[PDB]
Each structure stands twice: as C-alpha cells, then as structure tokens.
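**Q** so I pulled this structure from the PDB, and the sequence comes with it:
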Amino acid sequence: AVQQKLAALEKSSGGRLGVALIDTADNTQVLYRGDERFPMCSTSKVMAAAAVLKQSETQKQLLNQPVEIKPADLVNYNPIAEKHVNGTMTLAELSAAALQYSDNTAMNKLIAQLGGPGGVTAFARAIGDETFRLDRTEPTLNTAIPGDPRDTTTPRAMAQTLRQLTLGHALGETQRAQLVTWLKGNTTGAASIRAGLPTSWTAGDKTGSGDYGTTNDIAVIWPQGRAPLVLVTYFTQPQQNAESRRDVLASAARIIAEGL
Ligand SMILES: O=C(Nc1cccc(-c2nnn[nH]2)c1)c1cccc(Br)c1
Ligand SMILES: O=C(Nc1cccc(-c2nnn[nH]2)c1)c1cccc(Br)c1
Ligand SMILES: O=C(Nc1cccc(-c2nnn[nH]2)c1)c1cccc(Br)c1
Ligand SMILES: O=C(Nc1cccc(-c2nnn[nH]2)c1)c1cccc(Br)c1
Ligand SMILES: O=C(Nc1cccc(-c2nnn[nH]2)c1)c1cccc(Br)c1
Ligand SMILES: O=C(Nc1cccc(-c2nnn[nH]2)c1)c1cccc(Br)c1
C-alpha cells in the first residue's frame, strides 16, 4: 500500500523519488529507491556541521573560534555571511547559519575547517557510512546532474546516518543535543517533509535543492506518543531547469505518516 502510493506519487510528479523511513519504535524501515544515489544538495550540510561538532569533542573551545569572512568568500546564497564580510563568524555561528538558514558561504567554511570535501567524507566513513560522498564545495555541489556520483548518497544510508547522529552515539551527548537543537530551529523546512505531518508532532530537518528541480529534505521526527522517526525524502527531475517540488516531499511524508 505505502509502496504503491509512493510509486503513484512518483509517476504523477514526473521525477525520481527516494524515500527512507526508520521507525525507532521497532527498527522498521520503509524504502522507496532506498539504494539508488541522489544528489544531496544542502542536506549534506548536516554531515559537515556534525563533523565540526565531532572535532569540538576534543577541542572544547572550537565552536568559539573566529573565522574570517572576506568579500571573495561570498558565494550565491549568503543570508548570514553577507552581514559579516570583512569581519568574522565563529564556528558555532557558521554551523547554525549553514543548518538553519542554508547559508552556502557558511557551509564552505565548515568544509574548509575539515580540510575540504574529502574530510566530510572521511567523517561519514568513520561513523560507518560507506555511501555518502562529498566531492565539491558550494555552490557547485548542487549541480545534481543525472548519473553524476559526485555529492550523492542513498536514502537508506542517509537515514541511517541521520539516526546515528541525532539519536545514537556518533556524537557525544552535548554535541548530539546541539545538533538536534539546531535542526529543530531550522527556518527553511515548513513546506517540505513537515508539511505532510500532523501539526501536533515536532521535528527538525535540513532541506536542499539544486539544478534538475532537485528538492530534498531529511528529518528527525517526534510523533505524539511514539518513538522518534527518521525520514529522508529525495527528489530530482529530468530537465536542468525544472521547478522545485517541495509539495512532492510533503506528499511523500503524508503517505508515510498515514501508513504508520
Ligand atoms: O538560494 C536558493 N536558491 C538559489 C540560489 C542561487 C542560485 C539559484 C539558481 N541558479 N539557477 N537556478 N537556481 C538558486 C535557495 C533555494 C531554496 C531554498 C533556499 Br533557503 C535557498
Ligand atoms: O573520529 C574520526 N575518525 C575515526 C576514529 C577512529 C576510527 C576511524 C575509522 N575507521 N575506519 N574509518 N574510520 C575513524 C573522524 C574521522 C574523520 C573526520 C572526523 Br570530524 C572524525
Ligand atoms: O564532460 C563532462 N564533464 C566535463 C566538464 C568540464 C570539462 C571537461 C573536460 N575538460 N577536458 N576533458 N573534459 C569535462 C561530463 C560528461 C557527462 C557527465 C558529467 Br557530470 C560531466
Ligand atoms: O539500533 C540503534 N539503537 C538501539 C538502541 C537500543 C536498543 C536497540 C536494539 N535492541 N534490539 N535491537 N536493537 C537499538 C541505533 C541507534 C542510532 C543509530 C542506528 Br543506525 C541504530
Ligand atoms: O546553491 C544552489 N542553490 C541553493 C543554495 C543554498 C541553499 C539551497 C537550499 N537550501 N534548502 N533548500 N535549498 C539551495 C544551486 C542551485 C542550482 C544550481 C547550483 Br550549481 C547551485
Ligand atoms: O524561489 C522562489 N521562492 C522560493 C521561496 C522559498 C523556497 C523556495 C524553494 N525551496 N526549495 N526550492 N525552492 C523558493 C521565488 C518566488 C517568487 C519568484 C521567484 Br523568481 C522565485
């Protein structure tokens, strides 16, 4: 029923839809193209911010370290960083900017802190994610070209990783709590996964988008009276200039929630 429903949604959408749910009540999963690769776009900002949180476990002042923002550092979406050009932002500020505002300049500083995209990938491998790969910086990591393995993961892998980071033991308890608080404070998510969930429920999420109408969201969800869920919804379309479809992610999440 749920599989058939997600297939129906996909066919009507004209794109390719990827879904992974983990229900932590009983370790049940629901996968739809769970092992196909999709461009992550800004959902990758979670892995970068989490990597810096991991570093902060052994450098308890790391999040207070200032980082210079120069004019030439600004890229294509800098709602927070543009306010600080010719000044500085701390790594905590850059983390919150990247997660909660989806600031691309902030993400670049997180990547640089980790020694480049490969350091983010290395963190993913260290926590048992063999699938995630970050290959580029912002903004080009969002080109989302069909078939391109760069800056991709699978829904199954990303759901597992988001669970380990937010509900498991990938991070220390303080760092886990900080990540959760950041995600729950997201500003960009009301039209995506969370639009398809009951309004009683609480959640944190990280959205992404790019070329090929790519429209993504990953979420940790606390349903009324139930153990938490982790839900990944990835969507991408066959034409480079396709419009975003946050509604399709909301629809997928509604199918999932009604199936619980
Ligand atoms: O900045 C965004 N989009 C963006 C920025 C810069 C360039 C383009 C773009 N160029 N060509 N097609 N899209 C899109 C964006 C999209 C969705 C949510 C949030 Br938060 C930010
Ligand atoms: O803790 C880490 N790595 C670590 C520690 C012990 C073992 C392993 C490991 N084994 N196989 N792959 N990684 C990794 C680590 C790695 C890269 C970035 C960041 Br941030 C943290
Ligand atoms: O040719 C490509 N990339 C590319 C872009 C820019 C320059 C070059 C290049 N320069 N010299 N040889 N190749 C190649 C390409 C083809 C199919 C899928 C994808 Br993703 C990329
Ligand atoms: O399995 C997990 N947690 C967990 C905790 C306590 C008990 C069990 C359990 N008991 N029996 N089977 N699993 C699992 C877990 C937590 C975070 C990320 C990922 Br991937 C998996
Ligand atoms: O960076 C891009 N967009 C963008 C930037 C910042 C945030 C977001 C975003 N956040 N949440 N959902 N989308 C998207 C983008 C879009 C199309 C082509 C290329 Br190349 C880059
Ligand atoms: O991109 C727009 N809006 C918008 C607002 C919030 C989120 C997104 C979005 N999120 N993910 N992909 N697009 C787009 C927009 C609105 C009016 C005119 C023009 Br041109 C562009």
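**A** That came in fine, so what should we check first? Residues are numbered from 1 along each chain as shown. Ligands and ions are numbered 1, 2, ... in the order given.
**Q** secondary structure class for residue 99?
**A** Under the three-state scheme (DSSP: H, G, I helix; E, B strand; the rest coil), residue 99 adopts helix.
**Q** does ligand 1 sit close to whichever strand or helix holds residue 207?
**A** Assessed by DSSP states H and E, residue 207 sits inside strand 202-209. Yes. Strand 202-209 comes into contact with ligand 1 (Cβ under 6 Å from any ligand atom), by way of residue 209. In this view, the C-beta of every residue, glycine as well, is placed from N, C-alpha and C.
**Q** could I get the helix or strand harbouring residue 94 in CSV with only the CA atoms?
**A** Counting by DSSP H and E, the element that carries residue 94 is helix 91-101. The C-alpha trace of helix 91-101 is given here as CSV (Å, rounded to 0.1, in the frame of the first residue of the first chain):
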residue,chain,number,x,y,z
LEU,A,91,32.3,28.0,14.0
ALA,A,92,29.1,27.8,16.1
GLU,A,93,27.7,30.7,14.1
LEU,A,94,28.8,29.1,10.8
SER,A,95,27.2,25.8,11.9
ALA,A,96,23.9,27.5,12.8
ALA,A,97,24.0,29.5,9.6
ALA,A,98,24.6,26.5,7.4
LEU,A,99,21.9,24.4,9.1
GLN,A,100,19.2,26.8,9.9
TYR,A,101,19.5,29.3,7.1
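**Q** tell me which residues of the strand holding residue 207 come out buried.
**A** Neighbour counts using 16 or more other Cβ atoms under 10 Å place 203, 204, 205, 206, 207, 208, 209 of strand 202-209 among the buried residues.
**Q** okay, those in a markdown table with distance to residue 79 next?
**A** Formatted as a markdown table, the buried residues of strand 202-209 follow (distance: Cβ to Cβ, whole Å):
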| residue | distance to residue 79 |
| --- | --- |
| 203 | 22 |
| 204 | 19 |
| 205 | 18 |
| 206 | 15 |
| 207 | 14 |
| 208 | 16 |
| 209 | 15 |
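**Q** kindly tell me how buried the residue in the stretch 101-250 of the chain that ligand 4 sits nearest to is, as a neighbour count.
**A** As assessed by Cβ to the nearest ligand atom, ligand 4 sits closest to residue 168 within the stretch 101-250 of the chain, at 2.5 Å. Neighbour count of residue 168, defined by other Cβ atoms under 10 Å: 14.
**Q** quickly note the distance from it to ligand 1.
**A** Here residue 168 is placed at a distance of 28 Å from ligand 1 (Cβ to the nearest ligand atom, to the nearest Å).
**Q** and that residue, its phi and psi?
**A** With angles defined as degrees, to the nearest 10, residue 168 sits at phi -110, psi -150.
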